[PDB]
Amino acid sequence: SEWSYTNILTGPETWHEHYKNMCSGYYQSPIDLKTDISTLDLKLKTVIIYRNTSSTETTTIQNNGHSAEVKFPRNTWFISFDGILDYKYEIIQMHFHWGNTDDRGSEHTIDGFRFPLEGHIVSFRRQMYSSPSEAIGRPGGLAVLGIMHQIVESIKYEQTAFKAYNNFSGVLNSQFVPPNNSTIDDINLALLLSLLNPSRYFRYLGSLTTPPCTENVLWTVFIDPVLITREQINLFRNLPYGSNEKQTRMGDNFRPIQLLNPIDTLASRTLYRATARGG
């Protein structure tokens, strides 16, 4: 509402001035994920996403004016980074970033390459913090998974990411206006993760990619994309932007690339990478 992607008064170039804590920082996201300048760390294990089977509550999705954001009910979806299914990270939401055109859209790049859509699965560190509102603002409170998606011409519906999303229960269209929300069938996040290799990813400490760009995010970005069709990406593009945006249709809702180590950093960060127990 005080920031946008496309209105030059409030757009990404202004965030460092409008939200200095912390959009002016030097641990910002997204970054270029560079295979050659990253350190392989064999101790980083396969990611698991898993559901509390006795959870009953509804999932919703909202056009928040900046993105399409799925809101998961509490105590329902989890991430494990350590092989133990003990509720260390609890998923809160998933939102999406895409392009006006198929050659751009993602926040992260991989060796300079932009994907048409990047999904962000946002969790809080339940191991330490009892609620999301406690975690969102505090050191080390968040972990986000970045899921790239690529467009293919030939695929069965059932093998695309939209199958895991249950097609968003058909809710995406021009009438889905900010700030409306709608109930949807649940997203099968375990199926989504099975559509890529969950051992192969970049890992680094960074930030939220929208203001206030808090530097409290443990980032994991999977290298292999899940697959969607051109028709599916088009469903996002019919969403309208909020009125504080210049462009009418929602698209190009991604932040410009940040450096891993701007010149003013007082302690450099390292980009790590993981791969499966093999090779």
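Numbering starts at 1 and runs along the sequence shown.
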{"query": "Which of 181-189 and 134-142 has higher mean CA B factor, as the PDB entry lists it", "finding": "181-189"}
{"query": "Stretch with the higher entry mean CA B-factor, where the candidates are 146-154 and 71-79", "finding": "71-79"}
{"query": "Highest-ranked of 253, 243, 210, 216 once sorted by CA temperature factor in the record", "finding": "243"}
{"query": "Criterion, highest CA B-factor; candidates, 58, 29, 229, 46", "finding": "58"}
{"query": "Residue 202 - which third its CA temperature factor falls in, relative to the rest of the chain", "finding": "lowest"}
{"query": "Entry-reported Cα temperature factor of residue 41, expressed as the chain third it lands in", "finding": "middle"}
{"query": "Ranked against its chain, the third holding the CA B-factor of residue 171", "finding": "highest"}
{"query": "Modelled-residue ranking by C-alpha temperature factor, third containing residue 10", "finding": "highest"}
{"query": "Among modelled residues of the same chain, the CA temperature factor third for residue 238", "finding": "highest"}
